[PDB]
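Next up, structure tokens for two forms of one chain, structure 1 and then structure 2.
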Structure 1
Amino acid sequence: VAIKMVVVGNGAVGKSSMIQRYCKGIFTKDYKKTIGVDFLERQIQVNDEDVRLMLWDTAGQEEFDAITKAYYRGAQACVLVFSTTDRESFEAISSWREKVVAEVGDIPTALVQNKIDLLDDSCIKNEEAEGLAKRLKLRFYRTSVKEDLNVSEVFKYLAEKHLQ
């Protein structure tokens, strides 16, 4: 029993970091990276079952080539990510949603405001974020990959939603 999920959003919102935190338990400050993967994975327990979650980073690519389309193909859940400190990343969300729906249909999706550890100097107000989440009909999480807040919860919610 495997579940494929795509992580979707503008550059530098924390997508690859989110995947690395969830699958490996690590957060790297320096970002000095070397090797390419198409997905990471990890086992999760849901409704007394051993689910294999495979997380693909769609890397902010707006026009989908054959590789990008393969990233989206067979996606069973979607994480839409914006950054606390990047207003354009928040504004791009409704467009990203349309691209995801056009590509794969109406799969379980969550909206994530990442970098919430930096909330004291946020580019976006909670009321705006909740307002967008309501408009798009999406459960909203405020997340810190850096501090491991509301990362596991997002993927668990989506996995449960798919297996309901």
Structure 2
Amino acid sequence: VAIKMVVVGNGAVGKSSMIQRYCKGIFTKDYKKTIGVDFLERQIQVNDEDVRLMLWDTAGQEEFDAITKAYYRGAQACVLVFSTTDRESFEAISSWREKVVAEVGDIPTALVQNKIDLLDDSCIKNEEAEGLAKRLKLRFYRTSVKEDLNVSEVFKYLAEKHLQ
């Protein structure tokens, strides 16, 4: 069981960091993270199935309005990411959802609030984040890529939803 997954959202929310954390077990201090290939990979056991997850990176092209059709094509699951400290990233989420739906239709999707380790400087109230999850009817995670909190859980959930 091989699965292509996309991770989308505004720039600097921590998308590349999330993929690096899940597939390599690392977190670096750089202001911007880079992946040198189309996707990183992790092989896991899910309900007696050997599953191979392939997580595709946007290559920073969201800041230049230039994400290609090839990025989205074939996707079987999706992570929508916004940042705790970035008001604009939260407001953009429903539009990112439409971009994916337009390309591949309905696929298992999770909503993610990253950088929860910086909660004292939060630009989004809990009720606001929950209100969005309810409206889009999506599983919602409070995540810290930095502290490795609720990263692995997201991809496991999505893998299980693909199989059932």
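Only the largest set of C-alpha atoms that superpose within 1.5 Å between the two forms is called the rigid core. All residue numbers here refer to structure 1's sequence, counted from 1.
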Has the Cα of residue 61 moved 2 Å or more between the two structures, judged after a core fit? yes
For a quick test of reading the superposition: does residue 135 move by 2 Å or more at the CA between the two structures, rigid core aligned? no
Align on the rigid core first, then pass along the CA displacement of residue 30 between the two structures in angstrom. 2.2
Core overlaid, residue 89 C-alpha shift between the two structures, how many Å? 0.2
